[PDB]
Amino acid sequence: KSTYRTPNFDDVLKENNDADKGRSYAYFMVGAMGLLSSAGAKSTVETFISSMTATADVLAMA
Amino acid sequence: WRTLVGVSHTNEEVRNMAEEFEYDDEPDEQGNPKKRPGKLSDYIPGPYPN
Ligand SMILES: CCCCCCCCCCCCCC(=O)O[C@H](COC(=O)CCCCCCCCCCC)COP(=O)(O)O
């Protein structure tokens with residue numbers, strides 16, 4: 692068999708590749724994952740930093 | 002006392018419950034001990050001293 696014959700890939704290929712929209716769906720999901728994890732990173736940092744503020748008993752004697 | 006406000010009782014209610022108990026104050030101008038009523042930053046007292 693010759694090396695110039697490409698094997699069968701028709702199980703996995705698209706409607707038409709349509710590069711306008713093969714890039715659309717992959718990058719909406721990569722953008723959503725970066726949006727949620729940047730919000731989660733903020734909430735984590737602000738939870739740890741606020742623990743260093745004056746406690747309830749110190750504010751009661753304020 | 003303060004942790005009951007907003008959970009089971011009103012602020013005005015808890016201030017009146019605490020004032021029914023006496024707490025050790027700091028000594029007077031000559032070093033003799035004093036007493037005072039309770040405030041919100043105090044802790045709920047127990048029946049026995051030891
Ligand atoms: C070294 C710290 C990392 C610990 C991770 C352990 C995972 C167990 C659950 C997390 C408990 C903390 C909850 C919290 O802080 O408040 C919660 C944060 O909620 C979240 O978004 C979950 C955070 C999950 C992490 C997201 C991935 C990237 C994080 C970046 C790390 C720098 C509550 O939010 P809030 O403070 O109420 O606005």
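So the sequences go chain by chain: E and Y. For the first sequence, our numbering gives the first residue as 692, with consecutive numbering after it. For the second sequence, our numbering gives the first residue as 2, with consecutive numbering after it. Note that CB positions come from ideal geometry on N, CA and C, so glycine has one too.
Along the chain, where does the beta strand (DSSP E) containing residue i start, and where does it finish?
{"i": "residue 52(Y)", "result": "Residue 52(Y) falls outside the range modelled here, since chain Y spans only 2 to 51, and no answer is possible."}
{"i": "residue 25(Y)", "result": "23-25"}
Using a Cβ-Cβ distance under 9 Å, would residue i count as near chain E?
{"i": "residue 9(Y)", "result": "no"}
{"i": "residue 3(Y)", "result": "yes"}
Ordered along the chain, which non-local residues of its own chain (more than five positions away) have a Cβ less than 8 Å from that of residue i?
{"i": "residue 728(E)", "result": "none"}
Bridge partners for residue i per DSSP, in chain order?
{"i": "residue 6(Y)", "result": "10(Y)"}
Are residue i and residue j close, meaning C-beta to C-beta below 9 Å?
{"i": "residue 38(Y)", "j": "residue 21(Y)", "result": "yes"}
{"i": "residue 717(E)", "j": "residue 42(Y)", "result": "no"}
{"i": "residue 23(Y)", "j": "residue 40(Y)", "result": "no"}
Any beta-carbon of chain Y closer than 9 Å to the one on residue i?
{"i": "residue 745(E)", "result": "no"}
{"i": "residue 752(E)", "result": "yes"}
{"i": "residue 648(E)", "result": "With chain E running from 692 to 753 in the structure shown, residue 648(E) is simply not present."}
Enumerate in chain order the residues of its own chain whose CB-to-CB distance from residue i is below 7 Å, with the five nearest sequence positions on each side excluded.
{"i": "residue 6(Y)", "result": "12, 15"}
{"i": "residue 735(E)", "result": "none"}
Return the first residue and the last residue of the alpha helix (DSSP H) that residue i is part of.
{"i": "residue 739(E)", "result": "710-741"}
{"i": "residue 750(E)", "result": "747-751"}
Flag residue i as yes when its Cβ comes closer than 8 Å to any non-hydrogen atom of ligand 3, and as no otherwise.
{"i": "residue 738(E)", "result": "Only ligand 1 can be found as ligands here, which leaves ligand 3 out of the picture."}
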